[PDB]
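Have a look below at one chain only, the form deposited in one PDB entry, in structure tokens format.
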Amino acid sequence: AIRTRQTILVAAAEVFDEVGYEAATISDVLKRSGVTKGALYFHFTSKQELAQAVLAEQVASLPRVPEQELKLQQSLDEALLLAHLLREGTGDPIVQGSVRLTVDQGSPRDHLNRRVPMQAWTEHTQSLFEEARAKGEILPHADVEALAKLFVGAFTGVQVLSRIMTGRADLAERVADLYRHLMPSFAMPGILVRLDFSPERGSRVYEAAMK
């Protein structure tokens, strides 16, 4: 049961990533997972429940990197880690599939709650910014709620454009560009000098998070 649920979920995420929710079927998930019909239907009744469980595990399946000196470096590290996990070279399969389900508009008919992962990303980002403000890293009257929405929104679209134009190959640089152009508007100048946008730190954070 324990690894079996995960095996099914990973397979469903890969199927949803390739064809989307509507074109996917339970049969495809069975083939890809390589588990019995019994094991699948023990954990999930339907395609709907599968896709909802993929969405519900989006945030928890991001590896958190150890707490940092600078909260804004933590925010930067997470965004570049997420960019790496979305690159198809080395997939986290849950994240890619979950993101596709979230961004794909779907139908009013389907019962997929796409607010849940976005609300969770927004709230997580807002907390980091609130913690950064208490540690003297942000300008005095920064609208931290509006900033969180901006970052989550902007990241999503940079990731979408990057998928369309390069299959996410340039995503690290697009995300670094985004953060380099947004952070000056609210970060204390003395924090900006200290932030590390390098690919080398991107690697170190990624390698540590995998094991």
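The numbering used is simple: start at 1 and walk along the sequence shown. Note that the rigid core is defined as the largest set of C-alphas that superpose within 1.5 Å between two forms.
Omitted from view is the form solved in complex with a small molecule, to which the following refers.
- Only one of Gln52, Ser33, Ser61, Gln159 comes within 4.5 Å of the small molecule in the entry with it bound through a heavy atom, and that residue is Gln159.
- Screening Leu112, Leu139, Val116, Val103 for any heavy atom within 4.5 Å of the small molecule in the entry with it bound leaves a single hit, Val103.
- Residues placing heavy atoms within 4.5 Å of the small molecule in the entry with it bound fall in a single listed stretch, namely 148-156, out of 65-73, 23-31, 148-156, 38-46.
- Heavy atoms of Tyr179 reach within 4.5 Å of the small molecule in the entry with it bound, making it an interface residue.
- The small molecule in the entry with it bound is not approached by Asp92, whose heavy atoms all lie more than 4.5 angstroms from it.
- Though the partner is left out of this view, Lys135 does not reach within 4.5 Å of the small molecule in the entry with it bound, counting heavy atoms only.
- Taking non-hydrogen atoms only, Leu85 never approaches the small molecule to within 4.5 angstroms in the entry with it bound.
- With the core held fixed, the Cα of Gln105 is displaced between the shown form and the other one by less than 2 Å.
- In the entry with it bound, the CA atoms of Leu85 and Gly89 draw together by 3 angstroms or more relative to this form.
- The pair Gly89 and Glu78 is tighter in the entry with it bound: their Cα-Cα distance falls by no less than 3 Å compared with this form.
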